[PDB]
């Protein structure tokens, strides 16, 4: 069968929240079968746990935020993308502060630490959410779609009137039914504009943000000394974001996601819309990895 996966070993990372600027200690732990990804504020007494599930999304403003009462876990999308990309079903994610560390602004450092620690297959069928019917949401200009697809593939298009974007509108489509995640999207960094930065810092947003953890876009140029990891790094990062927001379903997807100027807000409306429409999806397992439409890296 395709089996559930957890961490082989505990991972510890220190970093800074992108939005909060707060210093945060991250500990990823193995978790039992069917735990899913559960975030835990270990700075609070008692400790507050929040499953990474669509129903626990609060603010979807400049990040995906999980809420339980007053308690928030901010900017989960890059870590969850890493979890989803590597096929990790079960883990505890402990944080000493509200926000996941931004690292280099990609999922790269997370996939490096996880893959260094290694993965543990568990004696239980991995569950997938299979898209059975088209499901679509639109906030005027913006579109987010699930389509039936025998595998896992993500298409995105952004279209910002800004000279940095080649003049050519950056679009990408990636099939992740095999092992393209690490190579293709893992290293694509978040990005923001010199134009917006003083106002956002006014709203206590992007306080931790620097060239060290983001693509910083001037009027006409990327400011980073070393420029871009990829020609389409911007749209690849939007794909990384979508994979993490989609993992809030709680299981890997069998289907196609298509985003059109989509962000955290619309991604979350699409999951809620999907979850409501029970004829549009079912949960499937695979007793024989050889006939499954998804394959995973050696553990």
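Residue numbers count along the first chain shown, from 1. Basically, rigid core = biggest C-alpha set you can superpose within 1.5 Å across the two forms.
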{"query": "In 4 other deposited structures of this protein, rigid core aligned: more displaced of 189 to 197 and 76 to 84 by C-alpha RMS", "finding": "189 to 197"}
{"query": "Divergent stretch in 4 other deposited structures of this protein, 117 to 125 or 156 to 164 [C-alpha RMS, superposed by the core]", "finding": "156 to 164"}
{"query": "Residue range whose averaged C-alpha B-factor is higher in the record, 254 to 262 or 27 to 35", "finding": "254 to 262"}
{"query": "Between the two ranges 57 to 65 and 42 to 50, the one averaging a larger CA B factor in the entry", "finding": "57 to 65"}
{"query": "Top Cα B factor in the deposited entry, candidates 223, 73, 185, 83", "finding": "223"}
{"query": "Deposited CA B-factor, highest of 163, 118, 108, 101", "finding": "163"}
{"query": "Residue 179, C-alpha B-factor rank within chain (lowest, middle or highest third)", "finding": "highest"}
{"query": "Chain-wide C-alpha B factor ranking for residue 190, given as lowest, middle or highest third", "finding": "middle"}
{"query": "CA B-factor ranking of residue 129, expressed as a third of its chain", "finding": "lowest"}
{"query": "Relative C-alpha B-factor of residue 3, binned into the chain's lowest, middle or highest third", "finding": "middle"}
{"query": "Residue 294 by Cα B-factor - lowest, middle or highest third of the modelled chain", "finding": "middle"}
